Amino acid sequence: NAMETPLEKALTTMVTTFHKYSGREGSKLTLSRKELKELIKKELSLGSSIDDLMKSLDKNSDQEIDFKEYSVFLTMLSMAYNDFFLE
């Protein structure tokens, strides 16, 4: 939909990126650690601290990252750039 604003397209990409990787194993509604790392490896530039990331994110302790837990991860990455924003 070309008529979506730049922000709308961004938010859409955040949502589709989750579901692109959550449907590889297990529930398609959640990311396993394997699935998380594969989104991290392929979609981000972050190349034992995953499993620590995994734990910080898994607020319900169910071993899986759902959409609300992934949104917190995205905000972490956003804030890291916002902290040092130079106009």
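Numbers follow the displayed sequence, beginning with 1.
Participant: Our gap detector needs a label for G47 to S48. Which class matches the unmodelled residues of the deposited sequence there: none, 1 to 3, 4 to 9, or 10 or more?
Facilitator: Missing residues, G47 to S48: 4 to 9.
Participant: Higher average CA B factor in the deposited record is what I'm after, so tell me if that's 29-37 or 54-62.
Facilitator: Looking at the record's C-alpha B-factors, the answer is 54-62.
Participant: Which one of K9, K68, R24, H19 shows the biggest C-alpha B-factor in the PDB entry?
Facilitator: Across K9, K68, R24, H19, the entry lists the biggest C-alpha B-factor for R24.
Participant: Just say lowest, middle or highest third for the CA B-factor of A2 relative to the other modelled residues in its chain.
Facilitator: Highest third, going by the recorded CA B-factors of the chain.
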